[PDB]
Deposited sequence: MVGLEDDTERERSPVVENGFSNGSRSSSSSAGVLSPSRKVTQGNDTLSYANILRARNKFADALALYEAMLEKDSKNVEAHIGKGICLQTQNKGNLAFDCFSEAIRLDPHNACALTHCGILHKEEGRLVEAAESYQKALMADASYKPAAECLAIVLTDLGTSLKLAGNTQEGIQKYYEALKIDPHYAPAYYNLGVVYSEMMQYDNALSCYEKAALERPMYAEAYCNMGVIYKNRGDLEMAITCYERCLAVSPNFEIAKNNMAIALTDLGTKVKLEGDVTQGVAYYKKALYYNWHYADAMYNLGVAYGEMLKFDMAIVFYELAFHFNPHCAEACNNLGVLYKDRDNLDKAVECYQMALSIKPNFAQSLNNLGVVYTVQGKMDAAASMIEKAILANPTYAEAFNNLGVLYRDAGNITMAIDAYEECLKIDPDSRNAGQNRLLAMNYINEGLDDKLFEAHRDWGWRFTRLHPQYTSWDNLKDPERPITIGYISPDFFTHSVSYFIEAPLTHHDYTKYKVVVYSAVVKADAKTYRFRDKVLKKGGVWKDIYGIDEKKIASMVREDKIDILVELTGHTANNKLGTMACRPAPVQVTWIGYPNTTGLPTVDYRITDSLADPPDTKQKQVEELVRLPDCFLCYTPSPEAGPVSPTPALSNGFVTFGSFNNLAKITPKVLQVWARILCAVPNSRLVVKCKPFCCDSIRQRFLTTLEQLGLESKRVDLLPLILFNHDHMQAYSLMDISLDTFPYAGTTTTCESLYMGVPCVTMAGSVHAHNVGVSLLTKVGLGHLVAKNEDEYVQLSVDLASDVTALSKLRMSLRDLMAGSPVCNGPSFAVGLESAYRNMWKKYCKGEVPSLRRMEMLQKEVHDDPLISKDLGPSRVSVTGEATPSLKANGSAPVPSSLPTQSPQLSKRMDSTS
């Protein structure tokens, strides 16, 4: 059997001090209680009143005495029972406290003070359980507290931290949401909600949870840092979707919450650099690296920005600090190698780039820079290899693609068509990557004044300048106007001297540096360009992408590159009947326009200096020499030069090249000559010198210059003939081989043109034979060809401008 009970009702409950108490009149109300107890020692309300007063005074031992006196007079008093529990909790008797709360609620279930106090102590019992690992027994103790008081927020919040610790993030959320509903001023709940929303991949909602958290506590540092982190991550997310400025805005806000968050510094350096604001980007990077000494990315990007400023010393130091943090950081190894390539430290540059490639085996630009390095040291086969390996990785790489076509000219003697096919194959693949204009508004009238355009990056002191100063000066702007599209990366006195000249005669000058080739293409239509002539070919910083769109009705290539462009968009190429004879078996994608006499016209800088005495008179021997690229001096050229120097007794050879500062290049260049018979004390490998005056006064040490093949010199022979030193050249089957033919011949020294090796050799030693004839030839040369058609501008412009107007006349009909 089971026990059951019927309940009887008791006697009907009978029909200043505490009002002062509610208004915090502790001392006055206390006195009335003390008086009340001496008038009647069994009034429980007086005992409870004094106990609350004494509890304010921190006299807890006395309060437990009188609260117990109240329960012993009148048990089932919710107030007295609840207060004895409050004392039991503050003393540390938590379970005895909850017992007193429970018998209070039995007395009066409506007495919410006991419900709230009980929920608090049960929550504390549950969180003590959680730390002891009894999590499930703790979770239950939480839910009991919520049954007693469903509005106690700490129970919801403590439920959320285990539901997150047990990785039930949805459950942890709903606990935190109701914690925030029962207490809108719960920062910790809002902050922990933001952390979950962040880790789950919605930072916008994480950020609005952090916003609500810091609205309650602006100095909640943990949430402050998490706010910066979330704001930086969302800045990066918005930046990659194309909105750079809003990403920058988020980055700066992230710094408001955390002014030393390095990740926002670095990302602001990246975004400002992309905005071309490099001066400020440098500051952000230094600040990032200051706060984060492990941010090797900031050191790298600083090195890049300082290399674009030509501060190579500081660029090295930045790369060094990057590589001291991440030794296998592929960018900094490559970037350091690029700097060393420029400084001439060839061995170190190769080591740097080789390590960059080991780090990133598909670092295509690293392979292209390696080919650049090999070509600079005059190793064309290996340079082409490094370009071909880059092209295996990126078949559309603009850099290696053009650098490979250019490199192949240094060794192509043109007995097949593989060179022309390589150019043509490149032109097809390149033109498909470029939208082409299929109609042109230009008014078709043959004898209209023509505005012709020259696009080139070489309007500074550069090889092309000496041959593009003659037209700019002696062009007739009245009926052949010129519009110069200058892509000069670093201008100099020559650029402004050109510019001010061009502007004075009535032509246009547009700086196109940093401008995409597609906008340049549409500028060409704005300027109504009739003749668009590019002067770079596949040499560095060319603008062939502009040509690939065909902005002008007619396009020509000239001066810059000794071959075809391979572009079907170009129609013409300006040569002469000697550099490209009419029987040339070399294929070229453009139609060849052969100008009267020479296709070039040299203009010498008047600060060259006078023709200096022939050294053979003061030295007792004849010195041969060349000032061409190391890349042009093939091993078959050293063979021929060694025959020449084995023919002339005690003669000497001198060559000046940039890589000759590095002695690994100089020593190996010597070794190849000593196994070739020529010993070291007869050969002088001079390093590059920086002054132009000193350069053309460095022909003082040379009696005869020897041209290169299959890539013959163009400016170097023109400069040599200007300083009195004659040049024996060799003809060939391709254009790059016969430039020396046309130059020497139209100057008047065609008898110094050789058709083969043996003639080349015999001509050179024949010329070293009579030293007095040398001395007279030296003085005759400068004025011989200053009055030739090689140095006379106005003569050239007529035939060129007549070619331009025939160009125009063909187009007009529809050729």
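In this chain the deposited sequence has gaps in the coordinates at 1 to 22, 38 to 48, 849 to 914, listed in sequence order.
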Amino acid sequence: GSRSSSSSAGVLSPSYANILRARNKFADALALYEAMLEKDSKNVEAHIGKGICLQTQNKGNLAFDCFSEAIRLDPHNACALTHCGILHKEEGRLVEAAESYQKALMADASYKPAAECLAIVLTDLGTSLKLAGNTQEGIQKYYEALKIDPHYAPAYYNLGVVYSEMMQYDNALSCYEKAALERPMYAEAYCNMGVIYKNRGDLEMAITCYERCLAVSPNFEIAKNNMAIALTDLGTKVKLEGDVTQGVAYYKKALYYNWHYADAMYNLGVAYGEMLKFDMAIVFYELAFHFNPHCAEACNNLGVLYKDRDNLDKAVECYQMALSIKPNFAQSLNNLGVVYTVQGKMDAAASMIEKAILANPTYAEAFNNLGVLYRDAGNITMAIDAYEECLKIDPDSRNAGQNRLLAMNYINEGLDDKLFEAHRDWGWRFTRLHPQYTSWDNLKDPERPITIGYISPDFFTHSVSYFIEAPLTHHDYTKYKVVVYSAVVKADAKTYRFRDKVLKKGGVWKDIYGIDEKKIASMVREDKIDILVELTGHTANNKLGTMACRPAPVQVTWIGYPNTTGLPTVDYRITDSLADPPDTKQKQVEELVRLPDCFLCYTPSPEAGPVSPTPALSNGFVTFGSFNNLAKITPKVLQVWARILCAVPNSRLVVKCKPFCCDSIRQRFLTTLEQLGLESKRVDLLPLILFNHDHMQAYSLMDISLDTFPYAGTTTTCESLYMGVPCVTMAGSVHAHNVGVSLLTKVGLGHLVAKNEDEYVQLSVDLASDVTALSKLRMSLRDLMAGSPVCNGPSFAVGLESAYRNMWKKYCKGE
From here on, numbers count along this sequence of modelled residues.
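Across the two stretches, 755 to 763 and 779 to 787, the PDB entry reports the greater mean Cα temperature factor for 779 to 787. Between the stretches 124 to 132 and 722 to 730, it is 124 to 132 that shows the larger average CA temperature factor.
The PDB entry assigns the greatest CA B-factor among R499, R652, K355, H423 to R499. Of the candidates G85, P154, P615, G273, it is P615 whose Cα B-factor is highest according to the PDB record. In the PDB entry, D279 places in the lowest third of its chain by CA B-factor. When the modelled residues of the chain are ordered by C-alpha B-factor, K147 sits in the highest third.
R666: CA B factor lies in the highest third for its chain, per the PDB record. The deposited CA B-factor of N542 belongs to the lowest third of values across its chain. The deposited CA B-factor of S174 belongs to the middle third of values across its chain.
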